[PDB]
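Visitor: Fold the stuff below for me.
(one chain, ligands or ions: 2)
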Amino acid sequence: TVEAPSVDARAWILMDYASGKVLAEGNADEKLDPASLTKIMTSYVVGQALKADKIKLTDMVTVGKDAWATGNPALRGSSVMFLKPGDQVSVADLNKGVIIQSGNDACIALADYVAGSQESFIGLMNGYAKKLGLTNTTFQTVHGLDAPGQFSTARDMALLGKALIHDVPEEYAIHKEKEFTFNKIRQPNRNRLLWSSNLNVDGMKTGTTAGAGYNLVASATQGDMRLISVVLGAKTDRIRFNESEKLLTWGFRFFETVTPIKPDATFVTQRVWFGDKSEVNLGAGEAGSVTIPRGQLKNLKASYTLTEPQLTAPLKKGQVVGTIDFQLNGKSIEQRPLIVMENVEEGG
Ligand SMILES: OC[C@H]1O[C@@](CO)(O[C@H]2O[C@H](CO)[C@@H](O)[C@H](O)[C@H]2O)[C@@H](O)[C@@H]1O
Ligand SMILES: OC[C@H]1O[C@@](CO)(O[C@H]2O[C@H](CO)[C@@H](O)[C@H](O)[C@H]2O)[C@@H](O)[C@@H]1O
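Guide: Residues are numbered from 1 along each chain as shown. Ligands and ions are numbered 1, 2, ... in the order given. Sure, the structure comes next:
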């Protein structure tokens, strides 16, 4: 144990990026208004579109009556690039507008361009959400402005932040940009934690709900280590940031992340029956990292248990056949799926 900090907010969570270890949490599954943190998913989808080369940063997109702070009523009052219909804008510029400025018009223009329509784009957002295991998240807009059935949780936001960083790292990299210039005016990132001297913060997204208070998804690094924090429903902007700051600081100070089973490493080699190979490598795959109190590597010990006494073909790469137990001081602290590292087909 290490005593978890008190957190002056509605919900929060602190997650290690490599291990997935939840170091601290309160109300982490309470459904709440995500607001602009919705834009994290918006950007996830745009990032996937770019990575798949379905769109390019240099592409020019035409703005529709859609994306007009005016002839779209819901845009009024909201943060905005000030696009007008007929404008020709860079994907790159819109992408930065979503990310750095949280332009709600940028959101609409890009979604129309990626998916044809807002409804199709929202379909993509909720598609990934299910894929990623965001069991308590449903999106109802491209920008995160007020809608009836729209919620997330601190836990789902962290999982989503983790996927952004992992799956579309070129899209994540834009989130640390302190400003960008559009129409000759510089637009600042409203993530004040980017300016923190006591942390290396490089993301991610701020949000401010109807009544519930102030939100932040943040991620930071320190040596080999990366943490993600979510704070939902802080009462002030200031508390929003310092609670996030103090969670992150606590996690790095007192914990380390280590990787006793590297991806693509063999943990056990086991006999297989009735296959075109007599033996097969088993490992952890990507799941091979654990977050433990500092100083405790010395005392970390890994064990395996197979779920069947004897392994039979056919086997596929990624299949689970047992259990990695991670033990600490001879007490059991984590368990992970023991996976097949190579296909082996039934003999012939
Ligand atoms: O958004 C593209 C737009 O930004 C500028 C600077 O205003 O380019 C910056 O961002 C580019 C990536 O999108 C970088 O390639 C470039 O080095 C950087 O200056 C404009 O040049 C561009 O129109
Ligand atoms: O991390 C807080 C630490 O950094 C300083 C500047 O060195 O404040 C920066 O970060 C704050 C939020 O973390 C911002 O509110 C502030 O505007 C920014 O300069 C110090 O004030 C503080 O000790």
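Visitor: Give me the buried positions along stretch 323-334.
Guide: Of all the residues in stretch 323-334, those buried under the rule 16 or more other Cβ atoms under 10 Å are 324-326, 328, 333-334. From N, CA and C alone the C-beta is placed, and that goes for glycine too.
Visitor: Can you name the helix or strand that the most centrally placed residue in the chain falls in?
Guide: The structure's the chain has its C-alpha centroid closest to residue 161; by Cα atoms, centre = their mean the separation is 1.8 Å. Using DSSP states H and E, residue 161 sits within helix 154-167.
Visitor: Please apply the same query to residue 338.
Guide: For residue 338, the host element (DSSP H and E) is strand 331-340.
Visitor: what does residue 221 give?
Guide: Applying DSSP H and E as the criterion places residue 221 in strand 214-222.
Visitor: ditto for residue 84
Guide: Under the criterion DSSP H and E, no helix or strand holds residue 84.
Visitor: What's the separation between it and ligand 2?
Guide: 34 Å (Cβ to the nearest ligand atom, to the nearest Å).
Visitor: CA atoms only for the strand holding residue 338 - export them in PDB, please.
Guide: Extracted C-alpha coordinates of strand 331-340, given in PDB (Å, rounded to 0.1, in the frame of the first residue of the first chain):
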ATOM      1  CA  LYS A 331       2.100 -11.800  -2.000                       C
ATOM      2  CA  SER A 332       0.000 -11.600  -5.100                       C
ATOM      3  CA  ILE A 333      -0.300  -8.100  -6.700                       C
ATOM      4  CA  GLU A 334      -1.300  -8.700 -10.300                       C
ATOM      5  CA  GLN A 335      -2.500 -11.400 -12.700                       C
ATOM      6  CA  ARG A 336      -2.300 -11.300 -16.500                       C
ATOM      7  CA  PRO A 337      -3.400 -13.400 -19.500                       C
ATOM      8  CA  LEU A 338      -0.800 -16.000 -20.600                       C
ATOM      9  CA  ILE A 339      -0.900 -15.900 -24.300                       C
ATOM     10  CA  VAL A 340       0.300 -18.000 -27.300                       C
END
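Visitor: Walk me through which strands it pairs with, and which way each runs.
Guide: Partners of strand 331-340 in the sheet, by DSSP bridges, are strand 279-283 (antiparallel), strand 320-328 (antiparallel).
Visitor: Need the residues that contact it.
Guide: Residues from elsewhere that reach strand 331-340, judged by Cβ atoms under 8 Å, 6 or more residues apart in numbering: 21, 261, 267-268, 280-285, 287-288, 290, 292, 304-306, 315-327.
Visitor: What's the ChimeraX line that selects buried ones from those residues?
Guide: Per 16+ other Cβ under 10 Å, the buried members of these correspond to this ChimeraX selection:
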select :21,261,267,280,281,282,283,284,285,287,288,290,292,304,315,319,321,322,324,325,326
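Visitor: one step back: whether the next helix-or-strand element following the helix holding residue 161 contacts ligand 1 - can you check?
Guide: Following helix 154-167 in sequence order, the next helix or strand is helix 169-173 (DSSP H and E). No: judged by Cβ under 6 Å from any ligand atom, helix 169-173 stays clear of ligand 1, getting no closer than 10.3 Å.
Visitor: same for helix 169-173, what does it pack against?
Guide: On a contact count with 3 or more Cβ pairs under 8 Å, 6 or more residues apart in numbering; DSSP states H and E, helix 169-173 meets helix 38-51, helix 154-167.
Visitor: residues in the stretch 201-348 of the chain within reach of ligand 2, list them.
Guide: Within the stretch 201-348 of the chain, the positions near ligand 2 by Cβ under 6 Å from any ligand atom are 241, 245.
Visitor: all strands of the stretch 201-348 of the chain, in order?
Guide: Using DSSP state E, counting those that start in this stretch, the strands of the stretch 201-348 of the chain run over residues 214-222, 225-234, 255-258, 268-273, 279-283, 290-293, 300-306, 311-312, 320-328, 331-340.
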